[PDB]
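Only one structure is covered here, and it is reproduced in the block below.
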Amino acid sequence: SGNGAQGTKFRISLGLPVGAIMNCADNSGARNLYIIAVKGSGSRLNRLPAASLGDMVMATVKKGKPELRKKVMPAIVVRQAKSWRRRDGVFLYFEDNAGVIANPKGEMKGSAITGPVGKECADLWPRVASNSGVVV
Amino acid sequence: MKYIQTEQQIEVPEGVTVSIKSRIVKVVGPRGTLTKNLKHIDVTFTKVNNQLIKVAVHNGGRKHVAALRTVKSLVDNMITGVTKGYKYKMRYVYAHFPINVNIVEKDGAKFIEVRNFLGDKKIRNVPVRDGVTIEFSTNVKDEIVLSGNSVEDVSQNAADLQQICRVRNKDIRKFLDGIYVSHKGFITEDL
Amino acid sequence: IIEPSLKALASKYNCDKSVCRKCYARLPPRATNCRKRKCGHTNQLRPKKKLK
RNA sequence: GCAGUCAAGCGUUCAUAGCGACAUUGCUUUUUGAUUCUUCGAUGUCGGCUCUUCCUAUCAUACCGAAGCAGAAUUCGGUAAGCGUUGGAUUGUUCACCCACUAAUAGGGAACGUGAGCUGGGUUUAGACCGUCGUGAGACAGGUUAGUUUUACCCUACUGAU
Ligand SMILES: [Mg+2]
Ligand SMILES: [Mg+2]
Ligand SMILES: [Mg+2]
Ligand SMILES: [Mg+2]
Ligand SMILES: [Mg+2]
Ligand SMILES: [Mg+2]
Ligand SMILES: [Mg+2]
């Protein structure tokens with residue numbers, strides 16, 4: 001929520017620490033992404049930096065096509081699993097964790113996105129919402 | 001070496017009449033009145049014949065005798081201020097952004113207000129002291145005129161305006177933008 | 001607009017100043033010693049650098 | 001380890017923006033020596049974990065001064081210890097070295113802070129193996145494996161409570 005982020009994101013619950021493997025929502029060859037860092041996180045002794053819905057993270061593809069493997073690169077979270085509260089009132093949670101890969105300007109490498117995408121993620125990133133299928 | 005006695009001579013003009021008790025110097029004339037407390041100095045004043053006053057020090061050192069001549073110039077400036085008056089002119093300097101200044105009221109206090117100094121949104125208020133009276137000069141572009149009895153007030157009021165418009169985090173040699181003091185003089189001409 | 005007269009007005013305050021070598025303090029143009037007492041009133045000054 | 005003085009030279013031009021040889025004057029006890037004053041009727045000998053406080057020789061944050069300071073990005077210095085100074089891969093490690101984030105990943109002290117607070121990987125008892133040395137018993141501060149961590153109810157201090 002900063003690197004070319006059009007708008008400001010309200011706080012939500014932190015689902016994915018470093019070491020989590022979310023799925024790959026896009027169709028650019030990658031199968032699943034191992035999160036190593038969060039762009040724009042704090043620093044406290046012993047605390048793991050934790051991503052959430054709409055954040056940008058540094059990820060390495062573990063399972064997938066051989067070109068994407070073995071090179072750290074940016075990505076965006078599109079579905080969570082740890083439930084979060086919206087200002088409107090209701091709590092909600094997706095079935096599984098997922099995220100698209102994208103260059104640091106915030107532009108989609110893949111063509112389309114399978115499954116639903118969060119409304120908090122869609123507004124913060126314009127190029128995600130261009131290819132987005134179901135918005136919540 | 002402890003000087004046995006030293007003295008200076010204050011020449012009083014035909015208009016004014018000055019009064020001193022302890023070390024409180026009242027000075028009255030055609031423009032108005034002034035006052036100054038000098039109870040930190042240790043000197044002696046003495047009258048001789050209306051148009052001449054004699055300040056003196058007895059058994060003074062080097063730094064003591066230095067302050068003796070200072071007192072002459074302070075009391076002289078009170079006399080020249082109440083007779084002729086003081087008049088400080090300043091000019092605007094700018095390249096791209098034109099500075100727009102105007103006198104504004106706030107609880108009847110009167111402030112100088114500088115807008116758009118080097119293309120800024122912050123509005124720079126500067127207070128106007130008691131005695132000084134500001135007015136913008138017609139038929140000369142980008143000029144201001146301060147004037148009053150006291151030098152201490154007028155000059156200090158000019159200095160505040162001067163020092164509220166600094167350029168921060170830039171090469172000041174290149175960025176020559178500000179409101180600078182041009183000419184110091186008197187209100188009345190002739191003298 | 002530089003303006004010949006108003007350039008010389010601004011340069012009187014900004015450019016025409018000396019500087020102490022020890023403490024880098026700004027000083028008047030024809031001074032002999034630095035007014036700051038931390039550097040010990042040293043007598044090693046120089047002119048402020050010209051712009052092009 | 002840290003700081004001065006002098007200034008032959010470097011810095012297109014120019015001793016001193018920023019640098020600086022030959023010399024010379026200091027401060028420090030976060031290095032290592034030199035010494036053997038105290039302790040051998042014993043002051044528990046490495047590192048890590050945990051937690052508090054202090055120092056400034058200031059890495060970042062506040063406000064400033066210089067520049068070979070157009071802007072942007074940097075470089076040198078002042079007042080300042082108010083407030084911060086991380087997550088990992090390998091090693092018992094201190095130290096080191098990489099990856100990543102970050103405003104920043106500054107340096108130190110407190111019996112080389114801290115074992116009736118922990119842990120016991122390391123060192124340094126007894127078991128055992130290899131290599132070199134020794135006629136041999138054995139040696140090796142060379143490598144490798146397995147090896148007991150006791151006691152507070154007393155006075156004070158601290159935290160609460162009459
Ligand atoms: Mg830990
Ligand atoms: Mg002896
Ligand atoms: Mg003991
Ligand atoms: Mg200091
Ligand atoms: Mg110890
Ligand atoms: Mg203990
Ligand atoms: Mg043999």
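By convention here, the chains of the structure tokens are called A, B, ... in the order presented, each chain's residues are numbered starting at 1, and ligands are numbered starting at 1 in the order presented.
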
**Study point:** Residues of chain A in strand (DSSP E), written as JSON, numbers by chain
**Key:** {"A": [21, 22, 23, 24, 30, 31, 32, 33, 34, 35, 36, 37, 38, 56, 57, 58, 59, 60, 61, 62, 63, 64, 73, 74, 75, 76, 77, 78, 79, 84, 85, 91, 92, 98, 99, 100, 101, 102, 103, 107, 108]}

Exercise for review: Taking only C-alpha atoms (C1' of nucleotides) into account, report as an NGL selection string which residues of chain D lie within 10 Å of chain B.
Suggested key: :D and (69-71)

Kindly export the residues of the current selection with N, CA, C and O atoms (P, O5', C5', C4', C3', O3' and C1' of nucleotides), as a PDB file, in the first residue's frame.
ATOM      1  P     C D  69      30.005  20.565  -5.307  1.00  0.00           P
ATOM      2  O5'   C D  69      28.587  21.296  -5.273  1.00  0.00           O
ATOM      3  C5'   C D  69      28.270  22.266  -4.258  1.00  0.00           C
ATOM      4  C4'   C D  69      26.780  22.520  -4.199  1.00  0.00           C
ATOM      5  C3'   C D  69      26.264  23.632  -5.106  1.00  0.00           C
ATOM      6  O3'   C D  69      25.850  23.057  -6.345  1.00  0.00           O
ATOM      7  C1'   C D  69      25.353  23.819  -2.882  1.00  0.00           C
ATOM      8  P     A D  70      25.792  23.935  -7.691  1.00  0.00           P
ATOM      9  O5'   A D  70      24.293  24.482  -7.706  1.00  0.00           O
ATOM     10  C5'   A D  70      24.011  25.886  -7.885  1.00  0.00           C
ATOM     11  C4'   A D  70      22.581  26.123  -8.328  1.00  0.00           C
ATOM     12  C3'   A D  70      21.526  25.111  -7.885  1.00  0.00           C
ATOM     13  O3'   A D  70      21.072  25.369  -6.557  1.00  0.00           O
ATOM     14  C1'   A D  70      21.271  25.554 -10.196  1.00  0.00           C
ATOM     15  P     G D  71      20.511  24.175  -5.639  1.00  0.00           P
ATOM     16  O5'   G D  71      19.371  23.526  -6.543  1.00  0.00           O
ATOM     17  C5'   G D  71      18.010  23.993  -6.507  1.00  0.00           C
ATOM     18  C4'   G D  71      17.105  23.001  -7.195  1.00  0.00           C
ATOM     19  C3'   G D  71      17.049  21.613  -6.575  1.00  0.00           C
ATOM     20  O3'   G D  71      16.150  21.562  -5.469  1.00  0.00           O
ATOM     21  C1'   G D  71      17.311  21.426  -8.923  1.00  0.00           C
TER      22        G D  71
END

Exercise for review: Please return, as a count of residues only, all residues of chain A lying within 8 Å of chain D when only C-alpha atoms (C1' of nucleotides) are considered.
Suggested key: 13

Exercise for review: Pick out the chain C residues within 10 Å of chain D. Count only C-alpha atoms (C1' of nucleotides). Give them as a list in words.
Suggested key: residues 19, 20, 21, 22, 23, 24, 25, 26, 48, 49 and 51 of chain C

Could you write out the selected residues, including N, CA, C and O atoms, as a PDB file, in the first residue's frame?
ATOM      1  N   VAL C  19      33.929  34.220   6.204  1.00  0.00           N
ATOM      2  CA  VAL C  19      33.642  32.979   6.940  1.00  0.00           C
ATOM      3  C   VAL C  19      34.868  32.528   7.737  1.00  0.00           C
ATOM      4  O   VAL C  19      35.992  32.575   7.235  1.00  0.00           O
ATOM      5  N   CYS C  20      34.634  32.082   8.973  1.00  0.00           N
ATOM      6  CA  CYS C  20      35.692  31.541   9.829  1.00  0.00           C
ATOM      7  C   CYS C  20      36.075  30.137   9.365  1.00  0.00           C
ATOM      8  O   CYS C  20      35.201  29.317   9.086  1.00  0.00           O
ATOM      9  N   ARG C  21      37.377  29.866   9.287  1.00  0.00           N
ATOM     10  CA  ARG C  21      37.871  28.550   8.854  1.00  0.00           C
ATOM     11  C   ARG C  21      37.602  27.434   9.871  1.00  0.00           C
ATOM     12  O   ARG C  21      37.287  26.309   9.477  1.00  0.00           O
ATOM     13  N   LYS C  22      37.724  27.744  11.163  1.00  0.00           N
ATOM     14  CA  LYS C  22      37.577  26.738  12.229  1.00  0.00           C
ATOM     15  C   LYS C  22      36.132  26.287  12.463  1.00  0.00           C
ATOM     16  O   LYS C  22      35.855  25.084  12.460  1.00  0.00           O
ATOM     17  N   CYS C  23      35.228  27.246  12.667  1.00  0.00           N
ATOM     18  CA  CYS C  23      33.828  26.960  13.037  1.00  0.00           C
ATOM     19  C   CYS C  23      32.780  27.203  11.929  1.00  0.00           C
ATOM     20  O   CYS C  23      31.591  26.969  12.157  1.00  0.00           O
ATOM     21  N   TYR C  24      33.217  27.664  10.752  1.00  0.00           N
ATOM     22  CA  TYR C  24      32.334  27.940   9.596  1.00  0.00           C
ATOM     23  C   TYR C  24      31.270  29.033   9.826  1.00  0.00           C
ATOM     24  O   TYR C  24      30.289  29.098   9.088  1.00  0.00           O
ATOM     25  N   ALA C  25      31.483  29.906  10.813  1.00  0.00           N
ATOM     26  CA  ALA C  25      30.494  30.928  11.181  1.00  0.00           C
ATOM     27  C   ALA C  25      30.492  32.093  10.193  1.00  0.00           C
ATOM     28  O   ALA C  25      31.552  32.515   9.729  1.00  0.00           O
ATOM     29  N   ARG C  26      29.301  32.613   9.890  1.00  0.00           N
ATOM     30  CA  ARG C  26      29.152  33.772   9.000  1.00  0.00           C
ATOM     31  C   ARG C  26      29.591  35.042   9.731  1.00  0.00           C
ATOM     32  O   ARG C  26      29.339  35.192  10.929  1.00  0.00           O
ATOM     33  N   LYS C  48      33.461  34.368   1.247  1.00  0.00           N
ATOM     34  CA  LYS C  48      32.433  33.415   0.830  1.00  0.00           C
ATOM     35  C   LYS C  48      32.528  33.237  -0.687  1.00  0.00           C
ATOM     36  O   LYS C  48      32.794  34.199  -1.412  1.00  0.00           O
ATOM     37  N   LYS C  49      32.319  32.007  -1.153  1.00  0.00           N
ATOM     38  CA  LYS C  49      32.549  31.657  -2.564  1.00  0.00           C
ATOM     39  C   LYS C  49      31.594  32.374  -3.525  1.00  0.00           C
ATOM     40  O   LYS C  49      30.408  32.538  -3.233  1.00  0.00           O
ATOM     41  N   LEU C  51      29.378  32.784  -7.010  1.00  0.00           N
ATOM     42  CA  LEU C  51      28.555  31.950  -7.880  1.00  0.00           C
ATOM     43  C   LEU C  51      28.935  32.296  -9.325  1.00  0.00           C
ATOM     44  O   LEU C  51      28.794  33.450  -9.737  1.00  0.00           O
TER      45      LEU C  51
END

Point to revise | Residues within 10 Å of region 47-55 of chain D, only C-alpha atoms (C1' of nucleotides), excluding chain neighbours under 6 positions, as a PyMOL selection string | key: chain D and resi 81+92-94+108-110+114+117-119+121-122

Check your understanding: Which residues of chain B are close to chain C, meaning at most 9 Å apart when you count only C-alpha atoms, and how do they look as JSON, numbers by chain?
Key -> {"B": [91, 92, 93, 94, 95, 96, 172, 173, 174, 176, 177, 178, 179, 180, 181, 182]}

Write a file of the selected residues as an mmCIF file, in the first residue's frame, keeping N, CA, C and O atoms.
data_model
loop_
_atom_site.group_PDB
_atom_site.id
_atom_site.type_symbol
_atom_site.label_atom_id
_atom_site.label_comp_id
_atom_site.auth_asym_id
_atom_site.auth_seq_id
_atom_site.Cartn_x
_atom_site.Cartn_y
_atom_site.Cartn_z
ATOM 1 N N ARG B 91 12.559 47.127 -0.030
ATOM 2 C CA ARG B 91 12.131 46.748 -1.390
ATOM 3 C C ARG B 91 11.916 45.242 -1.518
ATOM 4 O O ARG B 91 12.601 44.462 -0.848
ATOM 5 N N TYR B 92 10.980 44.839 -2.385
ATOM 6 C CA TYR B 92 10.773 43.413 -2.692
ATOM 7 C C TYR B 92 11.723 42.982 -3.809
ATOM 8 O O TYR B 92 12.019 43.766 -4.715
ATOM 9 N N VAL B 93 12.192 41.736 -3.735
ATOM 10 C CA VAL B 93 13.015 41.130 -4.787
ATOM 11 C C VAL B 93 12.440 39.754 -5.109
ATOM 12 O O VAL B 93 12.238 38.940 -4.207
ATOM 13 N N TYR B 94 12.181 39.504 -6.392
ATOM 14 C CA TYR B 94 11.646 38.218 -6.843
ATOM 15 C C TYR B 94 11.910 37.984 -8.327
ATOM 16 O O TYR B 94 12.146 38.934 -9.078
ATOM 17 N N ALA B 95 11.863 36.714 -8.731
ATOM 18 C CA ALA B 95 12.046 36.316 -10.129
ATOM 19 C C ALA B 95 10.719 35.880 -10.756
ATOM 20 O O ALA B 95 10.187 36.576 -11.626
ATOM 21 N N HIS B 96 10.184 34.749 -10.297
ATOM 22 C CA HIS B 96 9.002 34.132 -10.905
ATOM 23 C C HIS B 96 7.723 34.538 -10.175
ATOM 24 O O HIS B 96 6.815 35.115 -10.776
ATOM 25 N N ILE B 172 21.289 29.977 -1.385
ATOM 26 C CA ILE B 172 20.882 31.380 -1.176
ATOM 27 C C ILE B 172 21.588 32.378 -2.105
ATOM 28 O O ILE B 172 21.067 33.467 -2.354
ATOM 29 N N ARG B 173 22.769 32.006 -2.597
ATOM 30 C CA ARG B 173 23.458 32.759 -3.648
ATOM 31 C C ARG B 173 22.627 32.824 -4.934
ATOM 32 O O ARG B 173 22.565 33.868 -5.584
ATOM 33 N N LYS B 174 21.999 31.702 -5.290
ATOM 34 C CA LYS B 174 21.163 31.611 -6.488
ATOM 35 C C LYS B 174 19.780 32.201 -6.226
ATOM 36 O O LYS B 174 19.340 33.102 -6.944
ATOM 37 N N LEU B 176 17.793 34.602 -4.762
ATOM 38 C CA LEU B 176 17.935 35.949 -4.204
ATOM 39 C C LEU B 176 16.554 36.571 -3.995
ATOM 40 O O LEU B 176 16.240 37.627 -4.552
ATOM 41 N N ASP B 177 15.741 35.909 -3.174
ATOM 42 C CA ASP B 177 14.333 36.263 -2.990
ATOM 43 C C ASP B 177 14.110 36.727 -1.551
ATOM 44 O O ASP B 177 14.492 36.030 -0.608
ATOM 45 N N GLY B 178 13.497 37.898 -1.389
ATOM 46 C CA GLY B 178 13.252 38.467 -0.062
ATOM 47 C C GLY B 178 12.825 39.923 -0.079
ATOM 48 O O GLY B 178 12.693 40.535 -1.146
ATOM 49 N N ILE B 179 12.613 40.466 1.120
ATOM 50 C CA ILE B 179 12.210 41.858 1.319
ATOM 51 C C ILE B 179 13.319 42.548 2.116
ATOM 52 O O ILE B 179 13.440 42.342 3.326
ATOM 53 N N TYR B 180 14.120 43.364 1.429
ATOM 54 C CA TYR B 180 15.390 43.865 1.970
ATOM 55 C C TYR B 180 15.337 45.365 2.256
ATOM 56 O O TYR B 180 14.634 46.109 1.564
ATOM 57 N N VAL B 181 16.115 45.796 3.251
ATOM 58 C CA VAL B 181 16.202 47.210 3.642
ATOM 59 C C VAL B 181 17.074 47.956 2.631
ATOM 60 O O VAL B 181 18.224 47.577 2.405
ATOM 61 N N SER B 182 16.521 49.019 2.046
ATOM 62 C CA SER B 182 17.183 49.772 0.975
ATOM 63 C C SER B 182 17.908 51.021 1.475
ATOM 64 O O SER B 182 19.083 51.227 1.159
#

Point to revise | Protein and nucleic acid residues within 12 Å of ligand 2 (only C-alpha atoms (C1' of nucleotides) and all ligand atoms) as a VMD selection string | key: chain D and resid 35 to 37

**Study point:** Shell of 7 Å around residue 60 (chain A), only C-alpha atoms (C1' of nucleotides), local chain residues under 3 positions omitted, as a list in words
**Key:**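 Residues meeting the cut-off are residues 33, 34, 35, 69, 70, 71, 72 and 73 of chain A.
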
Residues from the last selection, N, CA, C and O atoms, saved as an mmCIF file, in the first residue's frame:
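Output below, filename again33.cif:
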data_model
loop_
_atom_site.group_PDB
_atom_site.id
_atom_site.type_symbol
_atom_site.label_atom_id
_atom_site.label_comp_id
_atom_site.auth_asym_id
_atom_site.auth_seq_id
_atom_site.Cartn_x
_atom_site.Cartn_y
_atom_site.Cartn_z
ATOM 1 N N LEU A 33 3.084 -19.077 -4.398
ATOM 2 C CA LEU A 33 4.097 -18.073 -4.063
ATOM 3 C C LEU A 33 4.457 -18.097 -2.577
ATOM 4 O O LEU A 33 3.581 -18.023 -1.718
ATOM 5 N N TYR A 34 5.758 -18.183 -2.305
ATOM 6 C CA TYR A 34 6.314 -18.177 -0.950
ATOM 7 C C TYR A 34 6.715 -16.752 -0.571
ATOM 8 O O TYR A 34 7.673 -16.207 -1.125
ATOM 9 N N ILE A 35 5.983 -16.160 0.373
ATOM 10 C CA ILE A 35 6.197 -14.766 0.772
ATOM 11 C C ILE A 35 7.464 -14.671 1.621
ATOM 12 O O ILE A 35 7.619 -15.423 2.586
ATOM 13 N N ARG A 69 10.844 -19.578 -11.543
ATOM 14 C CA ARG A 69 11.527 -20.109 -10.356
ATOM 15 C C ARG A 69 12.918 -19.504 -10.163
ATOM 16 O O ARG A 69 13.591 -19.150 -11.134
ATOM 17 N N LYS A 70 13.320 -19.392 -8.896
ATOM 18 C CA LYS A 70 14.656 -18.931 -8.487
ATOM 19 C C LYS A 70 14.960 -17.473 -8.876
ATOM 20 O O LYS A 70 16.034 -17.163 -9.401
ATOM 21 N N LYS A 71 13.998 -16.589 -8.614
ATOM 22 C CA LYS A 71 14.199 -15.141 -8.731
ATOM 23 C C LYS A 71 13.134 -14.384 -7.930
ATOM 24 O O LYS A 71 11.945 -14.445 -8.250
ATOM 25 N N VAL A 72 13.570 -13.707 -6.867
ATOM 26 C CA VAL A 72 12.686 -12.852 -6.056
ATOM 27 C C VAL A 72 12.057 -11.735 -6.902
ATOM 28 O O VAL A 72 12.745 -11.087 -7.693
ATOM 29 N N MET A 73 10.751 -11.530 -6.729
ATOM 30 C CA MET A 73 9.988 -10.568 -7.534
ATOM 31 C C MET A 73 8.704 -10.148 -6.811
ATOM 32 O O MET A 73 8.239 -10.870 -5.926
#

Check your understanding: Please, which residues have at least one atom within 10 Å of an atom of ligand 7, using only C-alpha atoms (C1' of nucleotides) and all ligand atoms, listed as a PyMOL selection string?
Key -> chain D and resi 133-136

Helix (DSSP H, G or I) per DSSP on the backbone: members of chain C, as a PDB file with C-alpha atoms, in the first residue's frame:
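Result saved to states_32.pdb:
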ATOM      1  CA  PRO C   4      21.022  45.486 -11.804  1.00  0.00           C
ATOM      2  CA  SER C   5      20.008  47.552  -8.736  1.00  0.00           C
ATOM      3  CA  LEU C   6      18.024  44.880  -6.851  1.00  0.00           C
ATOM      4  CA  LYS C   7      20.714  42.211  -7.467  1.00  0.00           C
ATOM      5  CA  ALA C   8      23.296  44.368  -5.649  1.00  0.00           C
ATOM      6  CA  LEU C   9      20.737  44.909  -2.849  1.00  0.00           C
ATOM      7  CA  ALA C  10      20.341  41.156  -2.155  1.00  0.00           C
ATOM      8  CA  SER C  11      24.061  40.364  -2.647  1.00  0.00           C
ATOM      9  CA  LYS C  12      24.948  42.797   0.189  1.00  0.00           C
ATOM     10  CA  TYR C  13      23.342  40.402   2.729  1.00  0.00           C
ATOM     11  CA  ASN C  14      23.837  36.960   1.107  1.00  0.00           C
TER      12      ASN C  14
END

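Taking CA of residue 85 (chain B) and CA of residue 22 (chain B) as the two end points, the separation is 26.8 Å.
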
Taking only C-alpha atoms (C1' of nucleotides) and all ligand atoms and a cut-off of 9 Å, can you tell me which residues surround ligand 4, written as a PDB file with N, CA and C atoms (P, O5', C5', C4', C3', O3' and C1' of nucleotides), in the first residue's frame?
ATOM      1  P     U D  56      28.108  12.155  28.317  1.00  0.00           P
ATOM      2  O5'   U D  56      28.565  11.915  26.812  1.00  0.00           O
ATOM      3  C5'   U D  56      29.961  11.796  26.490  1.00  0.00           C
ATOM      4  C4'   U D  56      30.127  11.392  25.047  1.00  0.00           C
ATOM      5  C3'   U D  56      29.546  12.371  24.027  1.00  0.00           C
ATOM      6  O3'   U D  56      30.462  12.617  22.966  1.00  0.00           O
ATOM      7  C1'   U D  56      28.720  10.198  23.627  1.00  0.00           C
ATOM      8  P     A D  57      31.064  14.085  22.742  1.00  0.00           P
ATOM      9  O5'   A D  57      31.844  13.937  21.362  1.00  0.00           O
ATOM     10  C5'   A D  57      32.964  13.039  21.247  1.00  0.00           C
ATOM     11  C4'   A D  57      32.819  12.149  20.033  1.00  0.00           C
ATOM     12  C3'   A D  57      31.573  11.267  19.986  1.00  0.00           C
ATOM     13  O3'   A D  57      31.240  10.954  18.636  1.00  0.00           O
ATOM     14  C1'   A D  57      33.480   9.908  20.299  1.00  0.00           C
ATOM     15  P     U D  58      30.353  11.963  17.752  1.00  0.00           P
ATOM     16  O5'   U D  58      28.932  11.246  17.716  1.00  0.00           O
ATOM     17  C5'   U D  58      28.759   9.960  17.091  1.00  0.00           C
ATOM     18  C4'   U D  58      27.435   9.911  16.370  1.00  0.00           C
ATOM     19  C3'   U D  58      27.249  10.941  15.256  1.00  0.00           C
ATOM     20  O3'   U D  58      26.552  10.397  14.140  1.00  0.00           O
ATOM     21  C1'   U D  58      25.522  11.169  16.842  1.00  0.00           C
ATOM     22  P     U D  79      28.895  21.502  19.676  1.00  0.00           P
ATOM     23  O5'   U D  79      27.365  21.865  19.927  1.00  0.00           O
ATOM     24  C5'   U D  79      26.987  23.170  20.408  1.00  0.00           C
ATOM     25  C4'   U D  79      25.487  23.278  20.568  1.00  0.00           C
ATOM     26  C3'   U D  79      24.822  22.174  21.366  1.00  0.00           C
ATOM     27  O3'   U D  79      25.052  22.420  22.748  1.00  0.00           O
ATOM     28  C1'   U D  79      23.525  22.671  19.438  1.00  0.00           C
ATOM     29  P     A D  80      25.147  21.203  23.770  1.00  0.00           P
ATOM     30  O5'   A D  80      23.695  20.559  23.661  1.00  0.00           O
ATOM     31  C5'   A D  80      23.478  19.157  23.876  1.00  0.00           C
ATOM     32  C4'   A D  80      22.215  18.711  23.182  1.00  0.00           C
ATOM     33  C3'   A D  80      21.976  17.207  23.210  1.00  0.00           C
ATOM     34  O3'   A D  80      21.322  16.909  24.438  1.00  0.00           O
ATOM     35  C1'   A D  80      21.786  17.988  20.991  1.00  0.00           C
TER      36        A D  80
END
